[PDB]
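Below: the structure, in structure tokens.
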């Protein structure tokens, strides 16, 4: 039984965390820690099974340390007779983190508890020093670069409040070899958990903004905000209000302090994917649309190559079809179809086709959503309209498969580049207005309350398509 | 037992040499010869398992004969009922060599000792004459060309003090057929050990300089110097000083005599790979580098092909990125990145990429060292930055595999040619200054004490790449 249970905890962190990690209460004695949805999400994200490198952009006044401690415990307690854990922090701050990890360890049952060799010996700063084997060492990040290089067979690095470590660039550079091509690859094959976990609240457009952006440009992990603490979701009268805790917290303080403390927003910038510095320069071309939702910016020309992207409307929002002049070095948007009048799942393929045909048999890349897959078939070369210029990443998927997060991520990342470096020129008014509100929805981007992102999202498909080798001359 | 031990000695020369080769001392009787690290290295290098043709550039006052004798013994004693051994030498000198080989043979136990048919009979100059079968014949090299041609079923040729044999060109030409395409190939298949071993101290830029250079241009074998005699490493007070033996030896004589006797340096030349005759003509273009370590000599031009080589810094030294204009018949160096500020294993790939992209999507050949393999991945077409112009010799190795000595050897050899024949033009000041000190580190080249070779070593990658067929139009 013991072997099965130990192994169970070993590869199911959530179960281990919910069952064995305790706090010792004064009224109820040793009780189970009541994990929160954000903490549970964070535990899953930090595991050998999933990735290796994780970065959290969290707000302040979230009991993050409670989870970080449970993870670090779980790591050392279930390591394959191996592994050194070190943290980078300017304080005593890293000592506080390991204290909590020790608070977790000390409450474990015998069978899950490895024997303790060292434990804050000499009033440090360290547990399980020397072979035993796993260890956790609290370190100042200000010293290390020294801490990173000096470590012998490092397995995990946790970096507390990474955004508030001054002169981090050298310490960060020291980290690169430890993770990036890389003893990390070699240790991961051995099943060496560890790994790099960074968690902290933002601090302007410093080094961390670069870390978060590079991560978010590729993935959408991870960020929780004041709302993650569900106790705040109930007012003084003990009724759910999703509203007053925020009002009360805004008062007895400041709005500038509330974004600083409970929002994890970066200072010197809005959320928007496209910088306002660029959204201000963007001019449009006003045009009167057809009976359908077509806006013609520049008419089709013979011997010009066009590309079309289509983000169909599942139900809420609109169908968005951009047509982009691909001929020259600078891609211009020459025509857009924007409509929510399509009550029929059914008459769009023909309507879209005449614009695709109008633009020199324009190849089209359709977002494969419920309606998408759909419209795919009707305008397929084989399905109904026999249109031979429908782009597909596979034969099962007659367009852009939206499975796996990455396509949208890099599609947004390439979007940003294309629009900002002025490789792609947008003419549609409603286009740029959607960009105005297509901002951070950590860990991705979306349209804020009461706005649509249909136009922007179908340009995201173009952005993703932009990366593709086949696109390098459709 | 005897069969196993005999066979053991047969294919483990070091073991045979350490266990059975003796000297007979006056105070301790028959004792084992105490092999030295240089002698051990030399024994390994002369074996059927390894090569066939070996050349040693040794200093004088090294007991080389002690090893040469042990090898020649081992050859004849463990030949497959075969093999004639002859040496080329102007003396009685070759007679002295075989005397020592006889001194080794005579001390062997019965089971390792083959029966002696002839043994200095008629006051020669020969042992084991006629079928028996193996034999060793002391010969003057001055006569042979006669000695080489006249031999019947020669198996090994050892050439004593090859650098001091006058009118060797004819004797050398006689040797060519015996080794080079070649009865040697045919005898090696039979398991015929032998083979050609040349050992001697240098004597200016004669025929031997050509032999050593041709060998060193391809391989890095073999050379030991006064320091190989570890007794010299301890002073009068019997304390290790790695310093005074050399001082004492420089005194009671001359510095010109010490390079002549204990250094194995060639007279009419410095160590440098590039001749000073060429290093004097080399002009540079002074430029102010970027925030990074980029020096731009000539800006990128449309429709010009560029090549980039990158030797990453493991820890000590610098990261070196040359960019070479490959368009014309004469390759010019148009830009160099030289930095040791990269504390991050981690931000280099992006920085390098912008220069590669700046130079018309410049393909790059990265040295696969710990950091290399690394930077490889991040700028890989698949790994992180998705750069599609990263040269690789394999799919596992995303650049220049530094395994096996040969790449560096021929890379240096091609370097030398490119720079001297003026096919490659170097503009960087620090480039040519590194060449100034990139000299003989037998059997290769490196940077002498307190100098860097990062810039030169990354040009070596270009030189090796220069040979590659794929390079003949990247």
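Residue positions begin at 1 at the first shown residue.
Looks like electron microscopy, 16.0 Å, at least that's what the header says.
Cβ atoms here come from the backbone N, Cα and C positions, even for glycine.
These come from Swiss-Prot:
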REGION    B:1-229  region 'ATPase activity'
MOTIF     B:58-65  motif 'Walker A motif'
MOTIF     B:156-161  motif 'Walker B motif'
REGION    B:342-427  region 'Nuclease activity'
BINDING   B:362, B:418  Mg(2+) 2 binding site
> Out of these binding-site residues, B:362, B:418, which one has the fewest other C-beta atoms within 10 Å of its own C-beta?
Replying inline: B:418
> Per DSSP, what is the residue tally for the motif 'Walker A motif' (B:58-65) in helix, strand and coil?
Replying inline: 2 helix, 0 strand, 6 coil
>> Please list the DSSP helix, strand and coil residue counts for the motif 'Walker B motif' (B:156-161).
In response: 0 helix, 5 strand, 1 coil
> How does the region 'Nuclease activity' (B:342-427) divide up by DSSP, counting helix, then strand, then coil residues?
Replying inline: 35 helix, 11 strand, 40 coil
